[PDB]
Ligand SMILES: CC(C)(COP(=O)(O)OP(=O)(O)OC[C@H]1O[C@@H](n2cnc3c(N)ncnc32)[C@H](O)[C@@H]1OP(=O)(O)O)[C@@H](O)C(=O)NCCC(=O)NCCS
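Given next, in structure tokens, is a single chain: the form solved without the named molecule.
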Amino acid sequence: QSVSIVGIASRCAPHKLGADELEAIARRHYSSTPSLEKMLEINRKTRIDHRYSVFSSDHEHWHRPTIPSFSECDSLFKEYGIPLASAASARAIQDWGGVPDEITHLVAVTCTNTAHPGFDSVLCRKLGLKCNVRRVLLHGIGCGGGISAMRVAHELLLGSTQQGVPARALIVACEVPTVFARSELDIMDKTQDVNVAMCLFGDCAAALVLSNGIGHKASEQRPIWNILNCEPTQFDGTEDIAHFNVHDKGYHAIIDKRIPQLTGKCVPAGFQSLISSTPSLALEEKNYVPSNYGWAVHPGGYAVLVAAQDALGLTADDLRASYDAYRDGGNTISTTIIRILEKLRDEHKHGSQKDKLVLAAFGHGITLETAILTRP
């Protein structure tokens, strides 16, 4: 009996944040400096057509003279982020076909909010989940969070299979990084340190429903993929690469330039490691060829996709859904990998893929999260 994905949905924020818009925001508040000019130059070269923010162009977030406090950043996440997560969660539940009452587990992840109770608590009320639903709010993992949530939900659901009881996990990722856009711009102004995070990140929520297969009801969608195995790796001497550090006005991003080189080095290692720990694949040598698999890779940036593509011997077309998600949506952190899965699901619904699918995503650590999924 396998754990399967039975519901997928995602929801980008409504308002486009194109190069023009970001430039208009930036220049509205800061007189030209060499770092500002370099940031805006890089911003038109990212190969992102569309990014989205929960804040429209006329929103006070973009016009206010002061930098939003941490308190205000939290309120903003509650105001705009949680509804985005409710909508995405509801859409995935609708896609699944079951009823909220029979979600046994909730696995939530965000790196753009910290709160007690976490946003998962509010979500339970909004969605009408049972009072004894079993929740987990992941922290500290960043862009690796989507697959990280999958890994956890997968094992939790195997725990119920062990007990012989039904389990349905709702996985919800919610990211609103544009909340911190005003703070990042200020820090880049003052320090003159180019912050490429200004150009990469967008707002989004996304959800999956997983099932352990026990007590299957007729109203429920049959498995889209089975999750065969998930395997994390933390790499030595990489802690000081990517940090998302707390400060007074929220969180500050540090994106190291060596990220794409690191990606090329590490992904093939992670892949081999994942196959070696998958008993039904570890023996055969053909299972160790990346091109024998479908691929979804978290687009930390354009250069990260290329590095992985090259290192794995793939073509850009193998990674078409990952490029598409990045091109239309940006880096939406923990939600991006679910948006890619949704694109892959949609392509196949309309005719297309390979039997096995590998998911990969670098998070903070530096950690590589992987998963192997199979066509039922």
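Numbers for residues come from their place in the sequence shown, where the first is 1.
J.: Can you tell me how many deposited residues have no coordinates between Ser352 and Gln353? The categories are none, 1 to 3, 4 to 9, and 10 or more.
T.: Gap size class: 1 to 3 residues without coordinates, per the record.
J.: Averaging CA B factors per stretch from the PDB record, which one is higher: 223 to 231 or 260 to 268?
T.: Per the PDB entry, the higher value belongs to 260 to 268.
J.: Of the two stretches 246 to 254 and 85 to 93, which shows the higher Cα B-factor on average in the entry?
T.: Stretch with the greater average CA B-factor: 246 to 254.
J.: Taking the values straight from the PDB record, which of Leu314, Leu36, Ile333, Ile338 has the highest C-alpha temperature factor?
T.: Spelled out: the listed residue with the top C-alpha B-factor is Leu36.
J.: Identify, among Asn287, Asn132, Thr110, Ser148, the residue whose C-alpha carries the highest B-factor in the deposited PDB entry.
T.: That would be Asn287.
J.: Taking the C-alpha B-factors as the PDB entry records them, is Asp120 in the lowest, middle or highest third of its chain?
T.: For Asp120, the deposited C-alpha B-factor lands in the middle third.
J.: Per the entry's values, where does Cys12 land by CA temperature factor relative to the rest of its chain, in the lowest, middle or highest third?
T.: Ranked within chain, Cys12 CA B lands in the lowest tercile.
J.: Would the CA B-factor of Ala173 place it in the lowest, middle or highest third of its chain?
T.: Within its chain, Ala173 is a lowest-third residue by C-alpha B-factor, going by the deposited values.
J.: Split into thirds by Cα B-factor across the chain's modelled residues, where does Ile366 land: lowest, middle or highest?
T.: It belongs to the highest third of the chain when residues are ordered by C-alpha B-factor.
J.: Check where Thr46 lands among this chain's C-alpha B-factors and tell me if it's the lowest, middle or highest third.
T.: For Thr46, the deposited C-alpha B-factor lands in the middle third.
Below, we turn to the form deposited with the named molecule bound, even though it does not appear here.
J.: In the bound PDB entry, which of the stretches 65 to 73, 39 to 47, 307 to 315, 335 to 343 has residues with heavy atoms within 4.5 Å of the named molecule?
T.: In the other structure, the partner sits against 39 to 47.
J.: For a quick test of understanding: in the bound PDB entry, does each of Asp240, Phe244 and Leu368 have a heavy atom within 4.5 Å of the named molecule?
T.: Spot residues vs the named molecule: no contact at all.
J.: Although the partner isn't part of this model, could you tell me whether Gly270 comes within 4.5 Å of the named molecule in the bound PDB entry, counting any heavy atom of the residue?
T.: Residue-level check for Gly270: no, no contact with the named molecule.
J.: Would you check, heavy atoms only and a 4.5 Å threshold, whether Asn331 touches the named molecule in the bound PDB entry?
T.: Output for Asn331 is yes: heavy atoms within 4.5 Å of the named molecule.
J.: I'd like to know if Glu284 sits close to the named molecule in the bound PDB entry, meaning any non-hydrogen atom pair within 4.5 angstroms.
T.: Because no heavy atom of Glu284 falls inside 4.5 Å of the named molecule in the bound PDB entry, the answer is no.
J.: Given that the partner is absent here, does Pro100 sit within 4.5 Å of the named molecule in the bound PDB entry, heavy atoms only?
T.: Contact with the named molecule, no.
J.: Which of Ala296, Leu200, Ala167, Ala92 has a heavy atom within 4.5 Å of the named molecule in the bound PDB entry?
T.: Comparing distances to the named molecule in the bound PDB entry, the residue within 4.5 Å is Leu200.
J.: Could you tell me which one of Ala87, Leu158, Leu185, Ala303 places a heavy atom within 4.5 Å of the named molecule in the bound PDB entry?
T.: Spelling it out, the residue with a heavy atom inside the cut-off is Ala303.
J.: For 225 to 262: residues with a non-hydrogen atom within 4.5 angstroms of the named molecule in the bound PDB entry?
T.: Stretch hits, in order: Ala242, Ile255, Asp256, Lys257, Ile259, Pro260.
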